[PDB]
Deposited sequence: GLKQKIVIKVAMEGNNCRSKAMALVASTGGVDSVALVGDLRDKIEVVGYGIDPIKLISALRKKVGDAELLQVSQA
């Protein structure tokens, strides 16, 4: 339906690559970019993405992750 943008800050100090591939492999994702000065944030764009499941998988497999933004932009 509506195009999403989701930004997640992830603690990933290999860890960046892992985090990015997990996000790419999530349902509904069209793109995944590293953003921020420290390249410690992930911007996800797509449709019908479930942010709750996405945050728990990141926390499960990679490290602490928190939602910075969710916008149906």
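> List the gaps, meaning deposited-sequence segments with no CA coordinates, ordered along the sequence.
No C-alpha coordinates exist for 14 to 15, and that is the only such stretch.
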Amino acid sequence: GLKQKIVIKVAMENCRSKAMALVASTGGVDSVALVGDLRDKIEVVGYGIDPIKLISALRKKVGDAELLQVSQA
From here on, numbers count along this sequence of modelled residues.
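> When the CA B-factors of 11, 52, 49, 23 are compared as recorded in the entry, which is the largest?
Max CA B-factor in the entry, restricted to 11, 52, 49, 23: 11.
> Split the chain's modelled residues into thirds by Cα B-factor; is residue 67 in the lowest, middle or highest one?
Its C-alpha B-factor belongs to the middle third of this chain's values.
> Divide the modelled residues of the chain into thirds by Cα B-factor and specify which third, lowest, middle or highest, holds residue 28.
It falls in the middle third of the chain.
> For the chain shown, is the CA B-factor of residue 45 in the lowest, middle or highest third of its modelled residues?
Lowest third, going by the recorded CA B-factors of the chain.
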